[PDB]
Each structure stands twice: as structure tokens, then as C-alpha cells.
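Starting off, we have a lone chain in the form deposited in one PDB entry, written out as C-alpha cells.
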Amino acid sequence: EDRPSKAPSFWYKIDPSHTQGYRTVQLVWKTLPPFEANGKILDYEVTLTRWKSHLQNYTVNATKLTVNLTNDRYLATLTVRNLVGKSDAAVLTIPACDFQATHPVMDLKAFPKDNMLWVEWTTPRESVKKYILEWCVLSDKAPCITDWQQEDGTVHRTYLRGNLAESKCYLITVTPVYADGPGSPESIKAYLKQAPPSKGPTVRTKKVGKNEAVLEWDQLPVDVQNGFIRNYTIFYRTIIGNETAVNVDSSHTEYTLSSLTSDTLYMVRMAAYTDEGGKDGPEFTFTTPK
């Protein structure tokens, strides 16, 4: 048989340590797909070498390792081992603490097609070794827990290899990786599929005159949007009259109704719209003074 056929995908997250002078580094990798593992994975090995210092090695039986690094630059390697031998290594530079990330991807966009969420960008002008893509759902009913994947340096379009949901807003971040460290990240929001909002805006009067009323409302919580809100519509009518409808820019949170009749009972509601349709909020009432 054969040893594993490629290095695992390999990345890290870094934070300040409780110990002065150190950084807590969470090294992470993905279990190779079975076709690349070529047999039972026995374990992994990480090495860490600080510039002009002694190499540290760790045997790991898991897909994550937490280490304490100084503020210096490190070379990190990861190999996966099976009964036959060791894979080629995944290699990263973990830069010194004064490292300035530059050279982000340009023209980042994301869009659904064929039931996958595609992400594409213009390649940076530098030689990219590989890319890290990260994503999480934006929601007030669940924290942003990231999943991630790795791409070869020649890639400029790919799809997220997760099993995603419709009507959820994904925050997607693309980071180029260079020989000397990560590039600066860029992020975009996108939906695998949009739907009409689950709730409409709740409208209230700020001020009411004989012939005008100032309305205001809070923006919809992201969770209930189910897509990018493109615009609102205000519908209003005298108690005895026909309905009037006026469109409102999605970036606004106030609007003045005009040409109102004095001494009159008004009923009013608003709807919010995504590309897929709209949803009415609750009806509200006010009476103009005489």
C-alpha cells in the first residue's frame, strides 16, 4: 500500500497569552479525505521552529493542538502518518507579533449556483501559496462559529465545501497565504438562497401634524431578513379611504408622510422586501390634529 498522498489542510488562530511575552496559538487541520489517507491514520506530527532556536516536536492524535509561542517568527510543519509512512508536510510561517498583513484579494464576490455557494476574487499581485476560506452564519440566535477550507494558490473561484442552509446570511472571509505569513483578509456576506422576510418592520409615529406624520422604525434583526433588504413599502389609508403605497430606501429608518388630511384617523403598515418577496409588519394607527 501507500502513505498519505497529500499534506492536510493546515491553519491557525492566534491570541494573547495569560503569560507575558507569549501568544496562545491554536493550530488546526482537517482529517484527510479517505482517498488521500490511504489507510488508517495513526497520528500527526507538528514541528515548530523559532528563528535561530531549537525545534519543538509534538505527536498528536486529534485535529488541533494548542501551543504557546513567543513573539518571534516560527516555521510550523504538519505531517500525517499511516502504517506505510508520512505525508508530505503542510508548512506555514507564523509571523512575529509586529507583522503587518497586506495584499488582500480584490473584487471579492459570492453567489449561489446549482445549489452551491460560490466565492470568487481577482488574484493578488503577489505569489499566493494557498488560500484559507472561512464562513459562519450571522444570527442573533446563534454565535458565529466558523468552518473553513483551504485552496491551492492558483485558485480564483471555488464553492464552500460545507453543507449549508437556505435563508441564512453567511459571512465569508478569504485570506491569501504567502511565504512570510498571511495576507490581509477580506469578507463578504451572501445567501445560498434568499426568501421573503419572516417579519416586517414595526412602525411608530415620531411626530404628527395636521397634514404630515413622521414615521420611524427599527431595522429588522438579521435573523428575520432571510435575504438582503432591498426596500420598504409604506401602506396607509384613512379609515374610510383607499390605500396609498410609497416606496422607501432600505437604508432609511425615518420617513415623513405628507398631503395628509387633518382631523383624520389613519391606518398604516410597512413591508420589507428581499429579492424573493415581501412581508408586512403590524398595523399602526394615528389621528391627525384638527
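Throughout, we count residues from 1 along the sequence that is shown. Rigid core here is just the name for the largest C-alpha set that superposes within 1.5 Å across the two forms.
What comes next is about the form deposited in another entry, which does not appear here.
>> Shifts of 2 Å or more at the CA atom, core superposed, between this form and the one not shown: which of the listed residues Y131, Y170, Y74, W217 is the one?
In response: By this measure, the answer is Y74.
>> Using a rigid core superposition, assess whether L265 undergoes a CA shift of 2 Å or more between this form and the one not shown.
In response: Comparing forms between this form and the one not shown, the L265 CA shifts below 2 Å.
>> Aligned on the rigid core, do the two forms place the Cα of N231 2 Å or more apart, comparing between this form and the one not shown?
In response: Where the cores coincide, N231 shows only a C-alpha shift between this form and the one not shown that is less than 2 Å.
> Would you say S250 moves between this form and the one not shown, meaning its CA shifts by 2 Å or more once the core is fitted?
Replying inline: No, shifts by less than 2 Å.
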